[PDB]
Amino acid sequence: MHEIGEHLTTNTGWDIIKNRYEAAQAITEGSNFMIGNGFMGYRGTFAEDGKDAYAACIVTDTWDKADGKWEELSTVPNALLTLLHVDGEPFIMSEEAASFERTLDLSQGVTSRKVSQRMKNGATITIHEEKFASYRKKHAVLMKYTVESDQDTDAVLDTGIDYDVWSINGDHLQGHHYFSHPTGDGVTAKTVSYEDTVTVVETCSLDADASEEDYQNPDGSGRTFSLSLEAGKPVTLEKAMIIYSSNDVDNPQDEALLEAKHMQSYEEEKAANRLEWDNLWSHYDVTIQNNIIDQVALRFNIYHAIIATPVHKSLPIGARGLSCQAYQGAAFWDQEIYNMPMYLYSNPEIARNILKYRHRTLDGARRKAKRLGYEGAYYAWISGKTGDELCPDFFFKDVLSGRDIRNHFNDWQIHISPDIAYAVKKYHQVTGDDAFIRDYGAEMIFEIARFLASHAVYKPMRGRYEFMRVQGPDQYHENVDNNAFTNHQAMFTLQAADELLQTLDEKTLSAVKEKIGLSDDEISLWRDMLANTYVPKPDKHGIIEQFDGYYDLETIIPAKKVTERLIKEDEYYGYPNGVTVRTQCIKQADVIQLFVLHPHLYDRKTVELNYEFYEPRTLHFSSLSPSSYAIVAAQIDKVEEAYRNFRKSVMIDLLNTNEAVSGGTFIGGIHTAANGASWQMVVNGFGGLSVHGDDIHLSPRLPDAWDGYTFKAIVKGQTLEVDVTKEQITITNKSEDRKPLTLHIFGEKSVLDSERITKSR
């Protein structure tokens, strides 16, 4: 079957196809149809596109703060620009093109166009274009471009490097220096802020006879190939674009030239990329039985998560990946809570490396905490190269007055720290990797524990500790006390810290305590807090108050009615005076997020009552929200409702359902957290996969829209394949060598000794 939406289809469940051109959606399409490989993102634009169509190659570890405010990745010269003129007429996409198809091939990250258009001289031109960012050679993105006419004609093919590229917050590169080489052009420039060196090398190759002349100017370089096309005789241009910076290698210019020198042909490079992708999908593919739309959407999200994940160096997964510069190519809490689970269970070394990135940027967290008068590690809200805070104090404008507003993402949204500590401990429970904990995880958890202890306030008349003046996952509400989510996360951290102290061997403990100056007095403080911290809990109707006083704010159900108070659509809705501030309308899961992370902590009736309470109060105006509600709905017998949220989360980018711009800030691009959560929705949500103590849990649910699903999950080195249909679950232990496991299925103990177990439901 094939109809996904708009004018979008899939033929194989591995491909997304868009069969009408619409200039207005350029941007959503450049994001949705992009390619990349963790090193770069190349937007899915056409060969003749420049800044006006939002062409961009975003490159990791090119951070730059040219405008004095926003530190973000650089967009680099585009070595693939290719314009076609036919008898002096430019070939420009018409919404009435005789014939247009665009395809993203998820199985191998190859993005393509096939288009035919009648020119003014009467010739019909067909262009076949395809591009991929090599997963084998991370520094290379490659193009094959084929033009054919149905009529003998004069044409000009103009190809080169465009320096005049889209950059959201200023040009990041200056002092461009042209150079040539045996197969094409080069340019080397330096970054504006830190004067890092960036080189882009173009290779060029044309399989037809032509009059070629070069040109160089301040805006780009390239060459013009003058041809007569013969009717029905195709001409093919192959290109490679290669990027290196001094943050990658000592000599980027030469290393880029050396890369060019050893480049194979397009087809050979594509073959090797495909091998890489075969291996990627054998780790990550999740099958949904008999629902090809949902199968492709899931794969579209997973693919985006993959190409956004750096694996070549210790780098963050950006909250908009490498799709554009939005969100600064930087790690948010999204990285651990939304993007890490798929890796954790499917390829744990990547999860381990996510956390090693956080160990490596601990000094940045230490500087932020110190600068704000705390101790320990207060991780950055927005974390780039070093872990120093990239989130400005002034993220948004009040679009009514034109004045900056001050939001506290960067200094009151403290849960980022114990979120990380939570992820360390999960990584440990899932994998059994004690070494990670000894060499890295204990130091992190101890420093995060120390931070919590320096933030908390002790209230002597109440005899308890509290967490005042924070911002929780529901972004809209700032300056709240005892956010339930935050207090729970803080307690989890302290409990983990105490376990480690009582559980590590004395030589590890001594080395760690010594490294960070951990004293007996700090440890007593922690254990006093363990026993005496206020933690919001279910009240008499079973409801956990989201923060102190939340119950006193205006009830608005359905939440969305609050939009009637807006004066401009692009207002920021939250602090300090947005329409939601004095209301119980929340942006996204908050109390519900707590159950996603601690699914065994509250009984199912409590979860259910909180879901019923909070969901109608929830705007879902963050891409992170629907997946979190889906995961919880699935496990409290709200399976169809979970499915509808699944649908909302998986289509966020494909069907273009969010806003691009808010409070004068651009917030669009590919939704990486959602991309990552697509997997969790199937595996932890419907499947109900969790690891509690050394207990493994499954509670498979199934929406009516699907006949089944099947996924892989690795626990403690054992690879389990879980197959779920309407009447049964089967768990099979692949694993070169099996150890036995005890599983809890719908709460009942069952031993997976042997290879396989089947149970009804």
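So that there is no doubt, residue numbering starts at 1 and follows the sequence shown.
Looking at mean Cα B-factors across 60-68 and 691-699, the upper value is held by 691-699. Higher mean CA temperature factor between 224-232 and 392-400: 224-232, per the PDB entry. Take 456, 302, 592, 92 and read off each C-alpha B-factor from the entry; 92 has the highest. Per the deposited record, 498 carries the highest C-alpha B-factor of all listed residues (640, 498, 548, 363). Ranked by C-alpha B-factor against the other modelled residues of its chain, residue 735 falls in the highest third. Looking at the C-alpha B-factors along this chain, the one for residue 671 belongs to the lowest third.
Looking at the C-alpha B-factors along this chain, the one for residue 662 belongs to the middle third. Annotation for residue 653: CA B-factor lies in the lowest third of the chain's modelled residues. Among all modelled residues in this chain, the alpha-carbon of residue 244 has a temperature factor (C-alpha) in the middle third.
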